[PDB]
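Quick setup: one chain, the form deposited in one PDB entry, written in structure tokens, and binding and motion questions come after.
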């Protein structure tokens, strides 16, 4: 009946139940046109695909199913994704409403199309991605990986100390996600830092890093972020639209990375 709550409570459950929704992939969800879902809806459809065991990336509405050449298997229940309708004021103002979609594995008769390994060394195509992001990446024998907004650079340790390029680039993807949201770019940090503002950042960063790593073929590192799920639980309980604001920032952090990395002069 209430959307923000309804969605926040699914996410609060997943956290308690073990895995927060957005970690569940370890294929990104698509609409009937091939356009990928964004933001909070990627998160929601991921948890939904895990919880119902879906193999397909595609989600349809009853309308999209029927008038495409198919039928929603009766008994099948959809799940709630997010979008905007309009109210009039003086086709005018947007407002957030939910809606129901069904995965392709709940549907019969749909058309035909509908259903790596990196060692321990530098990878050229990954190196080109992060070089094309624009990020000051500095390397030093200091054994910590971090983003310093004050200098505005990412510091990686040396790749060989990782004994895993997959571990090396996931960590970099994570820092690249933080690197967005410096004042010159996405403008996301708190002004005055504390246990709450670090908690928000690394949640945006986490959700965002899953989104990034899904595209780059990497696996996110979740050891580093075990001390926060409680603040996330607390903040998610006290604020029923907080998860929407995080997922929107997260998607913007992934978008900025990939868009820069394709800024072909």
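Numbering follows the first chain given and starts at 1. Rigid core (definition): largest C-alpha set, two forms, superposition within 1.5 Å. Shifts are known only where both forms have a C-alpha.
Another form exists, deposited in another entry; not displayed. Remarks below refer to it.
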Task: Mobile residue between the shown form and the other one, C-alpha criterion 2 Å or more, rigid core, from 139, 100, 190, 184 - done: 190
Task: Per-residue C-alpha change between the shown form and the other one, residue 109, threshold 2 Å, rigid core fit - done: no
Task: Core superposition between the shown form and the other one, C-alpha change of residue 151 at least 2 Å - done: no
- [ ] For residue 85, state whether the C-alpha moves by 2 Å or more between the shown form and the other one after rigid core superposition.
- [x] yes
Open item on the list: in that other deposited form, the Cα separation between residue 145 and residue 196 changes by 3 Å or more relative to the shown form; did it shrink or grow?
Closed with: farther
Open item on the list: What direction does the residue 185-residue 198 Cα distance move in that other deposited form compared with the shown chain, closer or farther, given a change of 3 Å or more?
Closed with: farther
- [ ] Spell out which consecutive segments of 3+ residues have Cα shifts of at least 2 angstroms at every position between the shown form and the other one, with the rigid core used for superposition.
- [x] 84 to 87, 91 to 94, 190 to 198
